[PDB]
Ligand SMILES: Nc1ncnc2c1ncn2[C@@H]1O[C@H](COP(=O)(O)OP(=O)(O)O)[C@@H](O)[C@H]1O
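Single chain ahead, written as structure tokens, the form solved without the named molecule.
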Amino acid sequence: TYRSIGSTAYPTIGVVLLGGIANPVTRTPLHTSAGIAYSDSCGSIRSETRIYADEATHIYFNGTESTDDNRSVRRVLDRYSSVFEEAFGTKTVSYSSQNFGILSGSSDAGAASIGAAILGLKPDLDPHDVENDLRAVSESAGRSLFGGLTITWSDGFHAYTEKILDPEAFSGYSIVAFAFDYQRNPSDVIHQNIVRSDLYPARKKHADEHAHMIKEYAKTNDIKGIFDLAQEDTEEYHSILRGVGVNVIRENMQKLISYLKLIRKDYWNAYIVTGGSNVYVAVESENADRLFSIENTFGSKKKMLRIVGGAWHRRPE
């Protein structure tokens, strides 16, 4: 038997933006969404996981113990107890997370990294099945599990994540992230309030339509079309949220966006805003350093990002 296994996954950015969860426990997406996994050029933005045999079950986030009192992570660990018993000689395992270049705690990358560790121990499991269990940890786990550009189809009862383009399809593109210091609306507030909107039923249908449009663009590697659409999706999504009192795009964020509209006439860009106080700007690689070097970031900090692949495991120890 072994004693432990490590794994790694990368954080994600929504491309067709998710709002609404079917149930607080299983956390199935109410409608179809799409996303990309990202890191920096070195691959240093990441979540690293260690699952190991133990006398009692402990959950740690960057060294801080969690009472995991919802049994969010512990639910997943219990479901795959047979995997751990075979691999480690015991059903009792602990989980230790270290996040780098993202905030300490649970995330899409954290969830996917759990999946990669389990698959690492039992490689003939169906990752689409494992994904269903991972959503309890984070509803967009599939983006990070499979990597690249994905679509997660969903009718609110059954959800399925499909790989649409490899990270290699974006090698000519970069994303400059502008991080603003405004306190963010929790994702749970986003999910809870968006469904109150009278436009919500049409949004769910519009979401599914946009994902089909993305699958079509993929046929000819139309990366600009995909990101152009992501910006249109972003604008619809945040117009719906504002009408339910959730305002993600704050004053200095809107000022940056206005400038983006100006330089768009000079060279191509498209932007995305998800749930946090960040503005993500897609750009052609030849213009990435130029964008990154602009002077008036309106008090935002800058990171150079790129599209990367799915979660992966290390050999068990």
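All residue numbers are counted from 1 along the displayed sequence. Here, rigid core means the biggest group of C-alpha atoms that superpose within 1.5 Å across both forms. Shifts are known only where both forms have a C-alpha.
Trainee: Mean Cα B factor from the PDB record: higher for 203 to 211, or higher for 178 to 186?
Mentor: The deposited B-factors put 178 to 186 ahead on the C-alpha mean.
Trainee: Quick check: 61 to 69 versus 37 to 45, which has the larger average CA B-factor in the record?
Mentor: The recorded data point to 61 to 69.
Trainee: Return the residue from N193, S113, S96, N99 that has the highest Cα B-factor in the entry.
Mentor: Highest C-alpha B-factor among the listed residues goes to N193.
Trainee: Taking the Cα B-factors listed in the entry, which of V16, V25, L305, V308 comes out highest?
Mentor: That would be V25, according to the entry.
Trainee: By the record's CA B-factor, is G172 among the lowest, middle or highest third of residues in the chain?
Mentor: Tercile = middle for this residue's CA B-factor.
Trainee: Using the B-factors in the PDB entry, rank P127's C-alpha atom against the chain and give the third, lowest, middle or highest.
Mentor: Tercile = lowest for this residue's CA B-factor.
Trainee: Taking the chain's C-alpha temperature factors as the reference, tell me which third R290 falls into: lowest, middle or highest.
Mentor: As the PDB entry reports it, the C-alpha B-factor of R290 lands in the middle third of its chain.
Trainee: Against its chain's modelled residues, does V273's Cα B factor rank lowest, middle or highest third?
Mentor: Ranked within chain, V273 CA B lands in the middle tercile.
Trainee: If you rank the chain by CA B-factor, which third does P11 end up in: lowest, middle or highest?
Mentor: It falls in the bottom third of the chain.
Beyond what is shown, the protein has a form solved in complex with the named molecule; the following relates to that form.
Trainee: Site superposed, the named molecule placed from its pose in the deposited complex: open or blocked, blocked meaning at least 3 ligand atoms within 2.4 Å of a backbone or C-beta atom?
Mentor: Blocked: when the named molecule is placed as it sits in the deposited complex, 3 or more of its atoms come within 2.4 Å of backbone or C-beta atoms.
Trainee: Name the stretch, out of 169 to 177, 212 to 220, 83 to 91, 100 to 108, where some heavy atom lies within 4.5 Å of the named molecule in the deposited complex.
Mentor: Selected range: 100 to 108.
Trainee: Considering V137, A159, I151, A116, which brings a non-hydrogen atom within 4.5 Å of the named molecule in the deposited complex?
Mentor: Residue within 4.5 Å of the partner: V137.
Trainee: Which one, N132, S197, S187, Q231, lies within 4.5 Å of the named molecule in the deposited complex by heavy atoms?
Mentor: Among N132, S197, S187, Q231, a heavy atom within 4.5 Å of the named molecule in the deposited complex occurs only for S187.
Trainee: In the deposited complex, does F146 have a heavy atom within 4.5 Å of the named molecule?
Mentor: Taking the distances in the deposited complex, the answer for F146 is no, it never comes within 4.5 Å of the named molecule.
Trainee: In the deposited complex, does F227 have a heavy atom within 4.5 Å of the named molecule?
Mentor: It does not: once the named molecule is placed as it appears in the deposited complex, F227 has no heavy atom within 4.5 Å of it.
Trainee: Taking the shortest heavy atom distance, is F61 within 4.5 Å of the named molecule in the deposited complex?
Mentor: Yes.
Trainee: What residues in 18 to 47 sit within 4.5 Å of the named molecule in the deposited complex, counting heavy atoms only?
Mentor: Counting only heavy atoms within 4.5 Å of the named molecule in the deposited complex, the single contacting residue of 18 to 47 is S47.
Trainee: Rigid core as reference, CA moved 2 Å or more between this form and the one not shown - which of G172, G105, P201, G101?
Mentor: It is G105; the other listed residues stay below 2 Å.
Trainee: Compared with this form, is the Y237-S106 Cα separation smaller or larger in the deposited complex, the difference being 3 Å or more?
Mentor: Relative to the shown form, the pair is closer.
Trainee: In the deposited complex, do the Cα atoms of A109 and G105 sit closer or farther apart than here, given a shift of 3 Å or more?
Mentor: Relative to the shown form, the pair is closer.
Trainee: Superposing on the core, what residue ranges of at least 3 consecutive positions move by 2 angstroms or more in Cα between this form and the one not shown?
Mentor: Once the cores are aligned, run 102 to 106 is the only one whose C-alphas move by at least 2 Å.
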